[PDB]
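Heads up: the structure comes next, in structure tokens.
FYI the Cβ positions are ideal-geometry reconstructions off the backbone, even for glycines, and counts take in every protein chain you see. Every read-out reported here was derived from the displayed coordinates using simple, explicitly stated rules and does not represent laboratory data.
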Ligand code: HEA
Ligand code: HEA
Ligand SMILES: [Cu+2]
């Protein structure tokens, strides 16, 4: 009873079957591919060496920023053992949230470091680049447990 | 509600993910990929042989080759290009997209599939491994005429390997055909009757019937030839009717072969046209009947290859080839009608299909010109014939195969091939091809027969050979963009996170996830026509599809 | 199945017509009489299509309607349990290797290689046929 | 053990599963040098040295590609 | 679901048709080179002993009925009748091929050879391939019996038995054709 | 078995030969198959000699040192492996060759080297029966001696890891039975069979690997 | 016909044609969206990227900073 914007159709299962016109894409990420790849292996190999999902958020936080960040953290598959990094380029605000299960592993000694590195890299206009730096430092900080 | 994703899908895959799955596999998708890759390797080998031939044929005089080496070159070129690249690519496309199109989880016999693939590969490797013999590979023609392939003439050890490799490959092809017929007949979705399945599937069924009719007789002829070579079996002596017997048997095999490698690509292009024309396929049942007619007629024209022997009944075969010329015409007109008054967009598959149309029309015109005996009395065994069958072969296999690759790459990978590289590739191929093979009509009309390694400067036709070799080198350079595009776009390249990346699709394969799961389906739609995915993605269109389906 | 049988009957009719016409047109008007090499191929391709069509016809007459042959039907009709489709197996590549050994032993006239190839083909085919029927080991 | 990760090699704590990469790189270079020097004492022919140089060039190209891709972080 | 028309049956039928085309090629080889040799086209050193060609044909024809009785006992779920009938069929097929080998020996003894004549070539090449098909059928019989021995009897075994049975029927009738062409028409 | 094959097959018919005389020779001069590698190494080693003051170092010296190096590297392997891996504990349970990819690859490389050396010893027989040039076989051996071992190493490593992954897949899920169903909303599943306990919704709980082989066919 | 110029054409025409066709086609714009530059506002939909690595709502800490 939703809109299904001109091509989507709900199947006999819950799956949606979307389409695309011959001359467009289906991602629309305003970043180059060769930086998406770098952010991806950062996010994967740093999560291997720390036993904790690392996430990244870029949308707006038009409220109490920490409230909204911990509202968002409930969307990671295992939020209790996860580390999220939120960024709002309009409000120019950085927010790092933890989980209850990931703590006592050297996290708060590393969150301000990551925030400072992300800010120092953002002050020139490098979004993906600062995200990479912050993920690197926080993943190198947290210990496996 | 937000929903977690990845910045970019994974590029390659874990270590040890493929090599053992490659040996024990039984799913048709991996086997189709293997088919395609090895067939393109063999295509590259054959093309290299052709480039050697061209660079010798320019500049009168034997610069770096010999007569023996030239004969081996054109023999192996013809053999590889016809039997180790086209006949298996047919089954490659079949194994790729037939079970998806009929809505089945697998092929009928899943281990016979792998058996067929491995038989093909090892037979090809056996037949090619005659070049490491000090005497060389087979040196007779591709056709292996009657007393020249005896034991007295052609005594080397390359002809034996030739014969045995062909036998093994033929066994593999017969098994593949059996599997395809059984799959199309038995395993089918619970809603679709046989007059709702796509045209590609019908062409594959008919081609499999032709394979079953044609290949066993070739195996019989080859066993007779091997008996004659290794036991002195007096089967093909000219003292008996041994010279014309071989020709009758071989051509009864060999014309159904060209129609076998022609029909499924007609299917491919007929399946690509409506997606980019935004229209239904014009004359469904008409196309089915034309396919059946071509199939029935293809076995009773075998002797239009033996006009110059003076030993056949000319009016019969001449008239019946004139007859087989018609259904191809109705097929062509149905394609043009499907493109008529639509909304055309020229992405790479549509571009390659239009190129196919043009090239095949010219080739078929030259062929129907060739079909009259008093004209074949002059142009046979010349370069006119070479230009003709190169037009038809190229325009069909090469162009329709590139179209099929650019069309079904996402449905098998989840990525998208680049389009600028695709356009560059198409234009290079088109220009080089039409510049390498056009002057050969004139080159062969004036006396220059096929299979000559040298000629004299006092003769004419020394500039036309230079133009042809320039074109051949352009065609050779035209393959770098394609392999670069495939090498880059398989790992990187814009991912596909939806069904049907070419909107307005049909055929029930664009109704499942872009890389299909194992067993190909998580749910099926209700089937009412031959465009089920189109009616699934645009439910507000069935009233208009049923209302105005008969204006014309 | 009703349409497959009709297809094969059409093909058999045309092939028989062509065979008879060719035979009687080369009995006269030809250099040496009946041609004897295309005639045979034509009668026996007629026989091929005839065998297949007759089998399909019998199976169709001995069968009730099927969700595939039937229009008007829905996906809840075919709900059930299909046959047995073999998962992973490695015997095909060994069969192909054995057959290739026998073939290369027949190309170069080497009888010992032909014997070895035939033995390997028998062994590999036995392995393929018995793969899903060997019981647990007896200890 | 010296160390690899279990998602790469599932049985990493049951047996030796890692060999350093410098061994493989320098071994490839040494084998290429052996192929190149194997054409000393040219015995009346040059069909063989074409093959020698081709195989050596292919080996060097593979080693160079691997080294360059590892140096830029495209592999691990 | 299971779409009652069996799958193995369709596969075996289409493959049998292809093999018929193979034998078509062999027949076409034989008929040419018979229109060439004029007069006594079987050369003088050959004489086809009919006193031994008929018994083997009759034992093959009887083996057909034996195989049919076997598949009859198979379609109802009892294996021992199948085993008995198929052992009988195997025995008499072996006897047929042994008699054929004996005729080959006595024919080459004082006459035709493959490199000696054209008739000898076409004769040996038309009958030896049929002999090879018979030997393949015997191997199939042995394999099927072992498979029935090694596990429980289910419908799949019945399907295997049926398809082997009518493959053997095919080889039998094609032999009937070969024999009627070679020995009686001449 | 030994009696049968000593009665039915002929070996070393010395009477077809003659007594030894330093002036006559024949064409097949091979030793038994356990010295063929020594002969092949002597055949495919290039002619590198050194001539300095009043002396000469011929080519077969190379064969001598290579032979000695092989015979010295064979008995000293366990100490090399324990020095390189650094594992000095007692062991009474064996390893499956698929759990130790590096050692399996080393062994496969050594076996490939041995096979190349052994086939390079029957040059004459191979080039005569299979129609190949003799110089071609010499160069094929001389190049294979360098490019076949590493290729075999690479393939064996990847193959071992593939086998490990195939084991982990049947540990996580159950044994594939090969039966297909259609699931009235047109879905195809394949009816796995669990090896242990099951959870609330029918999926089996994954097991842990214990170094023992796992069944792959339902009839076993 | 003047062996030098035959070799010259055969070696030069294909590569020249490749050059013109590449400069014609490979210098256009792809369908990829052009990079986002932080001087200007952010209009794209919200983005959430997970790690996916370890297979299978009480907060433990936090931090902040505003550039
Ligand atoms: C893959 C394909 C392929 C195809 C499709 C064809 C198609 C045809 N071929 Fe060709 N042919 C070969 C491959 C192919 N051929 C090969 C490989 C050889 C020789 C090889 C060898 O000898 O070594 C060969 C040789 C060959 C010969 C003998 C050459 C000889 O002298 O040696 C002849 C004529 O007898 C012939 C005829 C035809 C005809 C009549 C068609 C017809 O199918 C085509 C009809 C097509 C049309 C496009 C008509 C278009 C229709 C309309 C537009 C309506 C127009 C109506 C009128 C003009 C009436 N072919
Ligand atoms: C399906 C088939 C097919 C295809 C695609 C081709 C492709 C080509 N053919 Fe071929 N040809 C035949 C089928 C085919 N041919 C047949 C049947 C005959 C006659 C048979 C005979 O007489 O017996 C024949 C004969 C034939 C001749 C004349 C032989 C004779 O003298 O009579 C010539 C050249 O004039 C020729 C040219 C070409 C050219 C230039 C291509 C170009 O299309 C190919 C361009 C290809 C490439 C250059 C490959 C690219 C290669 C490189 C990139 C090298 C890279 C190398 C490695 C990586 C290994 N063909
Ligand atoms: Cu001709």
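When the residues of region A:122-143 are filtered to those that are under 26 Å from residue G:42 (Cα atoms) and over 17 Å from the mean Cα position of the chain (by Cα), which remaining residue is farthest from the other protein chains (Cβ to nearest Cβ)?
Going through the qualifying residues, I end up with A:124.
So if I check each of B:114, B:137, which one is crowded, with 24+ Cβ neighbours inside 10 Å and more than 9 Å from every other protein chain (Cβ to nearest Cβ)?
B:137
Looking at region A:45-64, which of its residues are surrounded by 19 or more Cβ atoms within 10 Å (Cβ to Cβ), within 9 Å of chain G (Cβ to nearest Cβ) and under 27 Å from residue A:104 (Cβ atoms)?
Selection gives A:46, A:47, A:52, A:53, A:54, A:55, A:56, A:57.
Just to be sure, is residue B:363 within 16 Å of ligand 3 (Cβ to nearest atom), closer than 19 Å to residue B:261 by Cβ, in contact with a helix residue (DSSP H, G or I) (Cβ under 7 Å, 6 or more places away or on another chain) and in a helix (DSSP H, G or I)?
No; evaluated as a whole, the condition is false for this residue.
Of the residues that sit in region B:342-357 and are more than 16 Å from ligand 2 (Cβ to nearest atom) and part of a helix (DSSP H, G or I), which one is surrounded by the fewest Cβ atoms within 10 Å (Cβ to Cβ)?
Ranking the qualifying residues of region B:342-357, first place goes to B:357.
For residue B:552, work out the one condition from (1) surrounded by fewer than 17 Cβ atoms within 10 Å (Cβ to Cβ); (2) at negative phi; (3) away from ligand 2 (no atom under 16 Å from the Cβ) it doesn't fulfil.
Looking at each condition in turn, residue B:552 falls short on (2).
Looking at region B:367-383, is at least one residue more than 16 Å from ligand 3 (Cβ to nearest atom) and in a helix (DSSP H, G or I)?
Yes; the residues of region B:367-383 include at least one that is more than 16 Å from ligand 3 (Cβ to nearest atom) and in a helix (DSSP H, G or I).
Among the residues in region B:398-412, are any over 30 Å from residue B:520 (Cβ atoms) and either within 16 Å of ligand 1 (Cβ to nearest atom) or within 14 Å of chain G (Cβ to nearest Cβ) (or both)?
no
Would you pick out the residues in region B:310-323 that are surrounded by fewer than 16 Cβ atoms within 10 Å (Cβ to Cβ), within 14 Å of ligand 3 (Cβ to nearest atom) and within 30 Å of the chain's Cα centre (by Cα)?
none
Only one of B:438, B:393, B:416 is in contact with a helix residue (DSSP H, G or I) (Cβ under 9 Å, 6 or more places away or on another chain), more than 14 Å from chain G (Cβ to nearest Cβ) and more than 11 Å from ligand 1 (Cβ to nearest atom). Can you tell me which?
Selected residue: B:438, the only one of B:438, B:393, B:416 that is in contact with a helix residue (DSSP H, G or I) (Cβ under 9 Å, 6 or more places away or on another chain), more than 14 Å from chain G (Cβ to nearest Cβ) and more than 11 Å from ligand 1 (Cβ to nearest atom).
Against the condition in a helix (DSSP H, G or I), buried (at least 20 other Cβ atoms within 10 Å of the Cβ) and more than 16 Å from ligand 2 (Cβ to nearest atom), how does residue B:220 come out, does it pass?
yes
Of (1) more than 7 Å from every other protein chain (Cβ to nearest Cβ); (2) not in a strand (DSSP E or B), residue A:74 satisfies all except one. Which?
So the condition that residue A:74 fails would be (1).
Given B:463, B:522, which one is under 30 Å from residue B:6 (Cα atoms), away from ligand 1 (no atom under 16 Å from the Cβ) and more than 29 Å from the chain's Cα centre (by Cα)?
It is B:522.
Are any residues in region B:243-264 surrounded by fewer than 22 Cβ atoms within 10 Å (Cβ to Cβ) and more than 16 Å from ligand 2 (Cβ to nearest atom), and if so, which ones?
Once the filter is applied, which keeps residues that are surrounded by fewer than 22 Cβ atoms within 10 Å (Cβ to Cβ) and more than 16 Å from ligand 2 (Cβ to nearest atom), region B:243-264 yields B:243, B:244.
Condition check ((1) within 27 Å of residue B:421 (Cβ to Cβ); (2) away from ligand 3 (no atom under 16 Å from the Cβ); (3) more than 14 Å from chain F (Cβ to nearest Cβ); (4) not in a loop (DSSP other than H, G, I, E, B)) across all residues:
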position	(1), (2), (3), (4)
B:444	no, no, yes, yes
B:459	no, yes, yes, no
B:469	yes, yes, yes, yes
B:501	yes, yes, yes, no
B:509	yes, yes, yes, no
B:524	no, yes, no, no
B:530	no, yes, yes, no
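Of B:60, B:9, which residue is touching a strand residue (DSSP E or B) at 6+ places or on another chain (Cβ under 6 Å), away from chain F (no Cβ under 14 Å) and away from ligand 3 (no atom under 16 Å from the Cβ)?
It is B:9.
Looking at B:144, B:104 in this structure, which one is facing chain C (nearest Cβ under 10 Å) and either more than 14 Å from residue B:180 (Cα to Cα) or outside any helix (DSSP H, G or I) (or both)?
Result of the check over B:144, B:104: B:104.
Which pairs turn up if I take residues in region C:33-47 that are within 7 Å of another protein chain (Cβ to nearest Cβ) and look for partners that are surrounded by 18 or more Cβ atoms within 10 Å (Cβ to Cβ) and not in a helix (DSSP H, G or I) with beta carbon separation below 6 Å, at least 6 apart in sequence or on another chain?
C:36/E:32; C:37/E:32
Which of the residues belonging to region B:222-262 are within 7 Å of chain E (Cβ to nearest Cβ) and within 16 Å of ligand 3 (Cβ to nearest atom)?
Of everything in region B:222-262, those that are within 7 Å of chain E (Cβ to nearest Cβ) and within 16 Å of ligand 3 (Cβ to nearest atom) turn out to be B:245, B:249.
Checking the condition outside any loop (DSSP other than H, G, I, E, B) and more than 16 Å from ligand 2 (Cβ to nearest atom), which residue from B:290, B:311 passes?
Only one candidate qualifies: B:290.
Hey, can you tell me all the residues within region G:31-62 that are under 16 Å from residue A:56 (Cβ atoms) and more than 7 Å from chain A (Cβ to nearest Cβ)?
G:45, G:52 - these are the residues of region G:31-62 that are under 16 Å from residue A:56 (Cβ atoms) and more than 7 Å from chain A (Cβ to nearest Cβ).
Of the residues B:380, B:338, only one is within 14 Å of ligand 2 (Cβ to nearest atom), surrounded by fewer than 20 Cβ atoms within 10 Å (Cβ to Cβ) and over 16 Å from the mean Cα position of the chain (by Cα); which?
Exactly one of B:380, B:338 is within 14 Å of ligand 2 (Cβ to nearest atom), surrounded by fewer than 20 Cβ atoms within 10 Å (Cβ to Cβ) and over 16 Å from the mean Cα position of the chain (by Cα), namely B:380.
Within region C:106-116, identify whether any single residue is more than 7 Å from every other protein chain (Cβ to nearest Cβ) and in contact with a helix residue (DSSP H, G or I) (Cβ under 6 Å, 6 or more places away or on another chain), and answer yes or no.
Yes.
Can you tell me which condition residue B:360 does not meet? The list is (1) buried (at least 20 other Cβ atoms within 10 Å of the Cβ); (2) away from ligand 2 (no atom under 15 Å from the Cβ), and all the others hold.
Of the numbered conditions (1) buried (at least 20 other Cβ atoms within 10 Å of the Cβ); (2) away from ligand 2 (no atom under 15 Å from the Cβ), the odd one out for residue B:360 is (2).
Could you please give the count of residues in region B:441-466 that are out of contact with any helix residue (DSSP H, G or I) (no Cβ under 7 Å at 6 or more places or on another chain), farther than 15 Å from residue B:56 by Cβ and within 13 Å of ligand 2 (Cβ to nearest atom)?
Counting residues in region B:441-466 that are out of contact with any helix residue (DSSP H, G or I) (no Cβ under 7 Å at 6 or more places or on another chain), farther than 15 Å from residue B:56 by Cβ and within 13 Å of ligand 2 (Cβ to nearest atom) gives 1.
Taking only region B:287-309 into account, find how many residues are farther than 18 Å from residue B:368 by Cβ, crowded, with 22+ Cβ neighbours inside 10 Å and more than 9 Å from every other protein chain (Cβ to nearest Cβ).
Going through region B:287-309 one residue at a time, the tally reaches 2.
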